[PDB]
Amino acid sequence: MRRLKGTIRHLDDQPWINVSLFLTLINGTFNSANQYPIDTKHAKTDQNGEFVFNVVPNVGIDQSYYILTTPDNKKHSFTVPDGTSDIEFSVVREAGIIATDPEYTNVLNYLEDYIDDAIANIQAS
Amino acid sequence: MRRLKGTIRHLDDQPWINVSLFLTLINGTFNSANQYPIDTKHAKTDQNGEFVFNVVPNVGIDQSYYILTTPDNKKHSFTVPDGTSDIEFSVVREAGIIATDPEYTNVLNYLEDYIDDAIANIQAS
Amino acid sequence: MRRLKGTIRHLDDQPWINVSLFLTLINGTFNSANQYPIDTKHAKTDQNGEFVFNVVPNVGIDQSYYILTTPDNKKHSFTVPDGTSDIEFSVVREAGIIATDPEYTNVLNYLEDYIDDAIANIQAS
Amino acid sequence: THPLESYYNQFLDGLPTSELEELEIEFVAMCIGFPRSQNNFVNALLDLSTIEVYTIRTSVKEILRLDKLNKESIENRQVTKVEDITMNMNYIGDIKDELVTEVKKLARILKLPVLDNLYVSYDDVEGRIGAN
Amino acid sequence: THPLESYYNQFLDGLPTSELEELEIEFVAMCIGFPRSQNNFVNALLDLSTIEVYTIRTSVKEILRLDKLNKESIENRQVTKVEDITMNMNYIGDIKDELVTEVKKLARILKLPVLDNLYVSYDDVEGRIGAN
Amino acid sequence: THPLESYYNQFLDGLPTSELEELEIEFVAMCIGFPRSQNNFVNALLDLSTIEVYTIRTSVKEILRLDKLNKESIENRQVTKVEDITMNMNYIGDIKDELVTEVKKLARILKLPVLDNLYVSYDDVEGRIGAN
Amino acid sequence: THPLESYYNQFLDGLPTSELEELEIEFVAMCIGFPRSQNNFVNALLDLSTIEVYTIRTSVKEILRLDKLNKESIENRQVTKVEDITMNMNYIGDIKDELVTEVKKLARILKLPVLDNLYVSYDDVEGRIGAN
Amino acid sequence: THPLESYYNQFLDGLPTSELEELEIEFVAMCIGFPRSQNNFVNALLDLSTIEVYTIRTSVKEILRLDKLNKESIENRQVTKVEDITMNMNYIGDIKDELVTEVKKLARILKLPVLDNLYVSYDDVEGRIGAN
């Protein structure tokens, strides 16, 4: 999974405090070992204006296409790339709905397991 | 027969505990020696978010078919491929979802040629 | 006189213990020695889900057609062939129908593979 | 799309009659006001006959249909007799009363007094356990 | 496709006069709120004559027809006098009255008290047995 | 297709005055609620003149026709004065009154008291033996 | 654009049957008038059922729809019977009635009484923790 | 160009739920009558939940809209049924009622007693910090 200690600041350079940020996953996503249904979570800015999140990358054919809603009425779309490391919200928002490619590993891995079982059966036959 | 297994967890990757999950056949099916009309079963996630369905390998005379109802009431369509062993639901959820965006003998041909390439690699023996 | 045997099981091979089903002779018939008007018989499921009916072959002079109604509410209309030997229901229900939908296809995504696996036997030499 | 809506829509030839689904049982509990775990409620759920459950499912489908019809009509009532088609201004009352009758029908099939629920209003024959 | 309707529609030339099937008996029991196991109910089920059974089946068929017609017509009442066609506003009341008339007719056929059931209300004579 | 309906359909030119067929006797008992065993009922059949029998059969045919028309007409009453034809909203009441008149004529031909029957309830004479 | 409005827009097929989103809990507590904690609210959210939550979400969806419809309607009511389309002068009253019925439904499904809230007007079943 | 209008028009896809700047508190104070310095008012300003703030802002926007619309409407009422359009002579009353409804809604959200202010009249609850 990936984290995001994105920070939000008041216009006068002071940090927002106890303001609600929202994230929503617009696509039912699923990896080999887990399912991620369309779900939405909310967080509150710390006293210093930071906000943390725990999000998953594109692990299915469809996009792990999140959108974040700011206290200032905005919406912003994006997809968190893969890896295990915290991300800064600035860069991801600068980008958005990066791309998606057919990943059939869940199909491919099962196919490999079944084929290997068949080959072992051939050997034992 | 097949103990279809599945693991569900929130965006925090915390498993959902004892949450309701539904499964339903869509048409009565019968083998040479038995008959399997429509039924719907229910499961609850364990402490680890796991759930098991003793589903039938549904390769029968009539149109065998299954729908899985997730906690978000999203419906996944899939029909169990034959076999006698536990199967991870992600595989069918990605393969049965080939009914979605049903690429006519393109994804299927993608997999066929992948199998051919695996066989070719195996030819070295 | 024949005995119609029929085994009914949930989608997890679990018998539909204590459920109801019906049979009828839609068009009343007769033989040279007996009269068989329209009648409807009801039955329940045993602990195994099996049900046995005492039925008359559809050798009627004018016409003779049975129809069975299941818990699914699907109607299976069939004719019992002549003879006294007990006959399995699945045999006479063999007159079923087929409709087209992509969802019937995923079984091939194994069987074709198995069929492809059969091709492996070719290289056995 | 209501869960029960799709659930039944998958069955076009009448309706299934085997047993009440935990989802259907939950819906019945909700629309009658009986908590699902109430011992008397579960006891009433036992020993049912096939036509009983068929009528229960018919009533549930009617409940859902009339509920949707209630939502859709509110955009009407804006006017009266557009050019000559004058509309019964009590259509809302009619559908509300029909819903109440359906809930009472459920209560009578289960042989149980109807407790306070969303649809009924001040006309109830139950309290906590019994005797209204 | 009500099970009783799917049973009846075969017998186009009249209706059979053999006896009441467990489905027909169950439906009747539901319509007069009599649980089948009641000794008085079954006792009444004996001594049944031919025309009695035939009229009972006819009344049951009428019950089903009117019940379906109710859900058909409830969509109406949305308007009045479309061009010249004024709408009988109590029509649903007429349907209810005829339905309860059929239920009472059945009760008279079986000579049994008509008690609180799913259709009629407040016409509950001498409860389950003598009660109220 | 009522059995007696066909039985009468055979008698195209008028109706016979021979006796009352067991079906006719059963239907009469149904109409006035007199189980055929009752000596007070069977004795009425004894010494029953011919023209009386013809009148009984005519009244029974009328009962059947009016009853069928009752079920037929229910699908009407949806509207009033479709274009220029206003309809008696009491029409159903009219046929109910006709049916009760017919059953009273039946009971009176046999000099017997009309008791609680399927068509009349609580407006009858003498009940079981001396009830009213 | 209401936040919950978008959140529900994300759900094309019905609405999810999962636990209430803390924002949803906030809104329903606003509708009833609890501070998301009264030692009664949380315990109402302790006891959960699948169909319950779907009903809650559809009811609050209707709350939003009706309130925005009310917001829009006020521009009308300037006139009556432009040419022949009259206007229901009670339309806004109808919307108020629907909103109060919806909040009453929320409370009833949550088994809780209604205190003085933004929508309900003097029609309360509660005060502070208990006032009946 | 009211200051709140010129502040809100910057937010389009809804309204922000961040907090209340002194302008919004000043406007709410005027609509409630509490000077912003009142402790019972400032403390109530605390503990606000996001949806509560959203509701306050929506109500304020509606207050502004209705206030402006009142100014336009008065240029009407010079006439009645100009050619075929009847005029709702109490439309101004409707606007006043909606304004007082919104003010009361604000009061309920803040839990404070609605009292002397520009809009509402005689619905003065507690006067100054204690039942009037």
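Residues numbered from 1 in each chain as written, not as in the entry; some residues may be left out. Chains lettered and ligands numbered in written order. Part of a larger assembly, values for the part shown. Heavy atoms only, no water.

- Structure determination for this PDB entry is given in the record as cryo-EM, at a resolution of 3.66 Å.

## Quick word on the overall build of chain D
For step 1, the next point in the chain: Helices and strands together make up the secondary structure of chain D, namely five helices and one strand.
For step 2, the next point in the chain: When the helices and strands of chain D are read in sequence order from the N terminus, they spell out α-α-α-α-β-α.
For step 3, the next point in the chain: Principal axes of the C-alpha set define a box for chain D whose edges measure 55 × 40 × 20 Å.
For step 4, the next point in the chain: The 132 residues of chain D split such that 58% are buried.
For step 5, the next point in the chain: Across chain D, the fraction of contacts at a sequence separation of at least 24, relative to all contacts at a separation of at least 6, is 58%.
For step 6, the next point in the chain: Total accessible area on chain D is roughly 5700 Å²; 56% of this is exposed by carbon and sulfur atoms. (Helix = DSSP H or I, 4+ residues; strand = E, 2+ residues; numbered from the N terminus. Buried < 20%, exposed > 50% of the residue type's maximum accessible area, 1.4 Å probe, protein only. Contact = heavy atoms within 4.5 Å. Areas by Shrake-Rupley, 256 points an atom, 1.4 Å probe, with all protein chains shown as cover.)

## Regarding the interface of chain D and chain E
For step 1, the next point in the chain: Taken together, the 23 residues of chain D in the interface contact 26 residues of chain E.
For step 2, the next point in the chain: Buried area between chain D and chain E, summed over both chains or domains, comes out near 2300 Å², and the portion from carbon and sulfur atoms is 56%.
For step 3, the next point in the chain: Put simply, chain D and chain E have four salt bridges between them.
For step 4, the next point in the chain: A salt bridge links E:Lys96 to D:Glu98; its shortest N-O distance comes to 3.9 Å.
For step 5, the next point in the chain: The tally of links between chain D and chain E comes to 17 residue pairs in polar contact.
For step 6, the next point in the chain: Sorting the residues of the side of chain D that touches chain E by element identifies α4 (50-73) and α5 (91-109) of chain D as the ones contributing at least two each.
For step 7, the next point in the chain: Looking at the side of chain D that touches chain E element by element, the count peaks at seven residues for α4(D).
For step 8, the next point in the chain: Of the residues contributing to the side of chain D that touches chain E, the split by class is six nonpolar, seven polar and 10 charged. (Buried area = accessible area lost by both parts, 1.4 Å probe. Salt bridge = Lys/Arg side-chain N within 4 Å of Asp/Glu carboxyl O. Polar contact = N/O pair within 3.5 Å; in protein donor to acceptor, adjacent residues only side chain to side chain. Nonpolar A, V, L, I, M, F, W, Y, C, P; charged D, E, K, R; others polar.)

## So, the environment of D:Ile109
For step 1, the next point in the chain: With respect to the helices and strands, the residue D:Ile109 is situated in helix α5.
For step 2, the next point in the chain: The exposure class of D:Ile109 is buried, given its relative accessible area of 9%.
For step 3, the next point in the chain: The spatial distance from the C-alpha of D:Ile109 to the C-alpha of D:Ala44 is 9.6 Å, given a sequence separation of 65 residues.
For step 4, the next point in the chain: Not counting residues up to four positions away in its chain, the partners in contact with D:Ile109 are D:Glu52, D:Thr55, D:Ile56, E:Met30 and E:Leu118.

## Some thoughts on the sheet that holds strand β2 (residues 20-25) of chain C
Residue and element names in this part refer to chain C.
For step 1, the next point in the chain: With antiparallel pairing, the four strands of this open sheet are ordered in space as β5-β2-β7-β8. Every other strand in the sheet has two partners, leaving β5 (40-44) and β8 (75-78) as the edge strands with one partner each. Taking the axes of each pair of neighbouring strands and ignoring which way they run, one obtains an average angle of 20 degrees across the sheet.
For step 2, the next point in the chain: The pairing of β2 with β5 spans five bridges and is antiparallel. In the strand pairing of β5, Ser20 is matched with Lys44. (Pairing = 2+ DSSP bridges. Axes fitted to C-alpha atoms, helices over the stretch in contact; angles between N-to-C directions.)

## Some details on the nonpolar core
For step 1, the next point in the chain: Ranked by internal contacts, the top residues of the largest apolar core, which has 197 residues, are D:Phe27, F:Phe27 and G:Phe27.
For step 2, the next point in the chain: Excluding anything up to four places from it in sequence, D:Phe27 contacts D:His2, D:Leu4, D:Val60, D:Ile63, D:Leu64 and G:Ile51. (Core = buried A, V, L, I, M, F, W, Y, C linked by side-chain atoms within 4.5 Å.)

## Considerations on the relation of the copies chain D and chain E
Relating the two copies of this chain is a rotation about some axis coupled with a shift parallel to it.
For step 1, the next point in the chain: Overlaying chain D on chain E yields an RMSD of 0.8 Å, the required transformation being a rotation through 24 degrees with an accompanying axial translation of 0.2 Å.
For step 2, the next point in the chain: Looking at the interface residues of chain D, only 4% of them are also at the interface in chain E, so each copy uses its own face. (Least-squares fit on C-alpha atoms.)

## A look at empty space enclosed by the protein
For step 1, the next point in the chain: With the rule as written, the count across this model stands at 16 cavities of 30 Å³ or more.
For step 2, the next point in the chain: Here the largest cavity defines a volume of roughly 140 Å³.
For step 3, the next point in the chain: Forming the walls of the largest cavity are 13 residues, and the residues nearest its centre are D:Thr55, D:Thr58, E:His2, E:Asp67 and E:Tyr119.
For step 4, the next point in the chain: If you list the elements that add at least two residues to the lining of the largest cavity, you get α4 of chain D together with α4 (50-73) of chain E.
For step 5, the next point in the chain: Taken together, the residues of the lining of the largest cavity sort by class into five nonpolar, four polar and four charged.
For step 6, the next point in the chain: Of the pockets and cavities examined, the second largest cavity occupies roughly 80 Å³.
For step 7, the next point in the chain: As for the second largest cavity, its lining consists of H:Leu20, H:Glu24, H:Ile25, H:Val28, H:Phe41, H:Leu45, H:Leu48, H:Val53, H:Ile56 and H:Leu110.
For step 8, the next point in the chain: Elements with a contribution of two residues or more to the lining of the second largest cavity: α2 (22-32), α3 (39-45) and α4 (50-73) of chain H.
For step 9, the next point in the chain: A total of three residues in the lining of the second largest cavity trace back to one element, the largest contributor, which is α2(H).
For step 10, the next point in the chain: Per-class residue counts for the lining of the second largest cavity are nine nonpolar, no polar and one charged. (1 Å grid on protein atoms, 1.4 Å probe; cavity = no way out; pocket = protein on both sides within 12 Å on 5 of 7 lines; lining within 4 Å. Points joined across faces, edges and corners; volume = space filled by probe spheres on them.)

## Some remarks on the environment of H:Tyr54
For step 1, the next point in the chain: Examined against the element boundaries, H:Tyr54 turns out to sit in helix α4.
For step 2, the next point in the chain: Judged by relative accessible area, H:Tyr54 falls into the buried class, the value being 7%.
For step 3, the next point in the chain: Taking the C-alpha atoms as reference, H:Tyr54 lies 20 Å from H:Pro113; in sequence the two are 59 residues apart.
For step 4, the next point in the chain: Beyond its immediate sequence surroundings of up to four residues, H:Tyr54 is in contact with G:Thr1, G:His2, G:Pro3, H:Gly14, H:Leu15 and H:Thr17.
For step 5, the next point in the chain: A polar contact is formed between the side chain of H:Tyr54 and the backbone nitrogen of G:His2, at a distance of 3.3 Å.

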